[PDB]
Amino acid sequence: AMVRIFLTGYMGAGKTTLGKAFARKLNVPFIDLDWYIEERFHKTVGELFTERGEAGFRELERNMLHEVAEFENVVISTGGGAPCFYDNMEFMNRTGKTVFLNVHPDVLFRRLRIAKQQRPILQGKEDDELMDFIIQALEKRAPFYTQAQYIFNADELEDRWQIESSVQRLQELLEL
(Lines of atoms letter the chains of each structure in order from A and count residues from 1; the text may use other names and numbers.)
(Lines give C-alpha, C1' and ligand atoms only; values in the text may rest on other atoms or scores of the structure.)
Protein backbone atom coordinates (compact mmCIF):
# COMPACT_ATOMS: atom_id res chain seq x y z
CA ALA A 1 0.00 0.00 0.00
CA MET A 2 0.99 3.63 -0.64
CA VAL A 3 2.90 5.20 2.27
CA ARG A 4 2.48 8.82 3.46
CA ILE A 5 3.75 9.67 6.95
CA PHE A 6 3.79 13.07 8.70
CA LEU A 7 6.12 13.63 11.67
CA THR A 8 5.29 16.35 14.16
CA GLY A 9 6.81 17.57 17.41
CA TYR A 10 9.06 20.19 18.95
CA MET A 11 12.58 21.15 17.96
CA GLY A 12 14.96 18.55 19.36
CA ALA A 13 12.37 15.75 19.28
CA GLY A 14 14.21 13.88 16.51
CA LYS A 15 12.00 14.50 13.45
CA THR A 16 15.03 14.59 11.12
CA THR A 17 16.96 11.80 12.84
CA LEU A 18 14.04 9.37 13.11
CA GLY A 19 12.44 10.56 9.88
CA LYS A 20 15.50 9.91 7.71
CA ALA A 21 16.10 6.52 9.36
CA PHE A 22 12.42 5.57 9.02
CA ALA A 23 12.35 6.60 5.35
CA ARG A 24 15.54 4.62 4.68
CA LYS A 25 13.92 1.57 6.34
CA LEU A 26 10.75 1.95 4.21
CA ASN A 27 12.90 2.76 1.15
CA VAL A 28 10.97 5.99 0.46
CA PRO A 29 12.30 9.55 0.27
CA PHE A 30 12.35 11.87 3.28
CA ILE A 31 11.09 15.44 2.89
CA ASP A 32 11.61 18.21 5.50
CA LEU A 33 8.84 20.79 4.92
CA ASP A 34 11.15 23.70 5.82
CA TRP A 35 13.59 22.52 3.14
CA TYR A 36 10.71 22.22 0.67
CA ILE A 37 9.61 25.79 1.48
CA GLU A 38 13.14 27.14 0.87
CA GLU A 39 13.37 25.30 -2.47
CA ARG A 40 10.06 26.78 -3.66
CA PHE A 41 10.66 30.37 -2.67
CA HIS A 42 14.46 30.54 -3.12
CA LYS A 43 14.50 32.21 0.27
CA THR A 44 15.33 30.76 3.66
CA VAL A 45 12.57 30.37 6.25
CA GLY A 46 14.17 33.20 8.25
CA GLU A 47 14.04 35.51 5.25
CA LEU A 48 10.38 34.61 4.63
CA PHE A 49 9.46 35.28 8.25
CA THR A 50 11.08 38.75 8.10
CA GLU A 51 9.66 39.54 4.65
CA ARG A 52 6.11 38.14 5.18
CA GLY A 53 5.68 38.24 8.99
CA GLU A 54 4.31 35.45 11.20
CA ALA A 55 0.86 35.35 9.55
CA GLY A 56 2.33 35.41 6.04
CA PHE A 57 4.87 32.72 6.79
CA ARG A 58 2.21 30.47 8.33
CA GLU A 59 -0.01 30.89 5.23
CA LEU A 60 2.84 29.84 2.94
CA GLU A 61 3.72 26.91 5.22
CA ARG A 62 0.10 25.74 5.07
CA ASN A 63 0.13 26.00 1.29
CA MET A 64 3.37 24.02 1.03
CA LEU A 65 1.99 21.38 3.45
CA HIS A 66 -0.89 20.97 0.97
CA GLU A 67 1.57 20.50 -1.88
CA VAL A 68 3.71 17.84 -0.14
CA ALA A 69 0.56 16.07 1.06
CA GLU A 70 -0.07 15.07 -2.58
CA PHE A 71 3.21 13.11 -2.79
CA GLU A 72 2.98 9.30 -2.52
CA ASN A 73 5.49 6.99 -0.74
CA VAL A 74 7.17 9.55 1.42
CA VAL A 75 8.01 10.48 5.00
CA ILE A 76 7.40 14.16 5.72
CA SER A 77 8.78 16.14 8.63
CA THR A 78 7.00 19.36 9.64
CA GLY A 79 8.25 22.44 11.51
CA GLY A 80 7.48 22.66 15.21
CA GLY A 81 4.80 25.29 14.74
CA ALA A 82 3.03 23.84 11.71
CA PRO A 83 0.51 21.82 13.75
CA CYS A 84 -0.79 24.97 15.49
CA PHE A 85 -2.26 26.77 12.48
CA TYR A 86 -5.18 26.53 10.06
CA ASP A 87 -6.55 22.95 9.99
CA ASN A 88 -2.99 21.64 9.48
CA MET A 89 -3.20 18.83 12.06
CA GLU A 90 -6.67 17.75 10.97
CA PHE A 91 -5.47 17.86 7.35
CA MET A 92 -2.40 15.75 8.04
CA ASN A 93 -4.60 13.26 9.95
CA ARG A 94 -6.92 12.90 6.91
CA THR A 95 -4.17 12.58 4.29
CA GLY A 96 -1.51 10.40 5.95
CA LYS A 97 -0.34 8.62 9.09
CA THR A 98 0.47 11.42 11.49
CA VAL A 99 2.88 10.84 14.35
CA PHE A 100 3.71 13.05 17.32
CA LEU A 101 7.28 12.46 18.52
CA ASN A 102 6.68 12.79 22.22
CA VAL A 103 9.91 13.59 24.05
CA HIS A 104 10.25 14.23 27.76
CA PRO A 105 11.44 17.75 28.60
CA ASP A 106 14.53 16.37 30.41
CA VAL A 107 15.57 14.85 27.09
CA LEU A 108 14.64 17.96 25.07
CA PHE A 109 16.66 20.00 27.62
CA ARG A 110 19.77 17.86 27.14
CA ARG A 111 19.49 17.74 23.35
CA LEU A 112 18.82 21.45 22.93
CA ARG A 113 21.65 22.38 25.33
CA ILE A 114 24.04 20.39 23.18
CA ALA A 115 22.57 21.93 20.02
CA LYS A 116 22.29 25.45 21.59
CA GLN A 117 24.36 27.07 18.81
CA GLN A 118 21.89 25.79 16.20
CA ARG A 119 18.85 27.30 18.01
CA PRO A 120 19.08 31.12 18.23
CA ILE A 121 15.78 31.48 20.13
CA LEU A 122 17.48 29.73 23.14
CA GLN A 123 20.60 31.90 23.17
CA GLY A 124 21.47 33.05 26.71
CA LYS A 125 19.05 30.65 28.43
CA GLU A 126 20.50 28.21 30.97
CA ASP A 127 19.33 25.76 33.62
CA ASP A 128 15.90 26.68 35.05
CA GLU A 129 15.33 29.44 32.48
CA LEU A 130 15.96 27.09 29.54
CA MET A 131 13.89 24.27 31.06
CA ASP A 132 10.96 26.64 31.82
CA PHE A 133 11.13 27.89 28.20
CA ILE A 134 10.83 24.36 26.75
CA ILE A 135 8.10 23.31 29.18
CA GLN A 136 6.02 26.40 28.39
CA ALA A 137 6.53 26.01 24.65
CA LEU A 138 5.26 22.41 24.89
CA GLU A 139 2.25 23.64 26.93
CA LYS A 140 1.24 25.94 24.05
CA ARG A 141 1.87 23.27 21.40
CA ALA A 142 0.54 20.15 23.20
CA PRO A 143 -3.18 20.71 22.42
CA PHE A 144 -2.17 20.40 18.75
CA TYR A 145 0.58 17.82 18.93
CA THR A 146 -1.64 15.47 20.96
CA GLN A 147 -4.25 15.40 18.14
CA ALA A 148 -1.86 13.27 16.07
CA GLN A 149 -3.32 9.84 15.29
CA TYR A 150 -0.14 8.24 16.64
CA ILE A 151 1.89 9.24 19.70
CA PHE A 152 5.41 7.80 19.79
CA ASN A 153 8.03 8.12 22.52
CA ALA A 154 11.15 9.45 20.81
CA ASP A 155 13.32 9.75 23.97
CA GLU A 156 15.89 7.26 22.70
CA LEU A 157 17.62 8.30 19.47
CA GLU A 158 21.12 8.73 20.83
CA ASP A 159 23.01 5.95 18.92
CA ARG A 160 22.58 3.50 16.00
CA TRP A 161 21.05 0.80 18.22
CA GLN A 162 18.47 3.19 19.69
CA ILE A 163 17.57 4.67 16.29
CA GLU A 164 17.19 1.18 14.76
CA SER A 165 15.08 0.09 17.74
CA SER A 166 12.88 3.18 17.43
CA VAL A 167 12.46 2.67 13.70
CA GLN A 168 11.29 -0.91 14.37
CA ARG A 169 8.85 0.13 17.09
CA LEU A 170 7.45 2.92 14.92
CA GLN A 171 7.08 0.56 11.98
CA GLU A 172 5.14 -1.81 14.24
CA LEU A 173 2.92 0.97 15.68
CA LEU A 174 2.01 2.19 12.17
CA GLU A 175 1.37 -1.39 11.01
CA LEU A 176 4.02 -1.19 8.30
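Throughout, we count residues from 1 along the sequence that is shown.
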Exercise. Check the entry's C-alpha temperature factors for 62-70 and 26-34, then say which stretch has the higher mean.
Key: 26-34
Exercise. Check the entry's C-alpha temperature factors for 140-148 and 116-124, then say which stretch has the higher mean.
Key: 116-124
Quiz item: If you rank the chain by CA B-factor, which third does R111 end up in: lowest, middle or highest?
Solution: lowest
Quiz prompt | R160 - Cα temperature factor, lowest/middle/highest third of chain | solution = highest
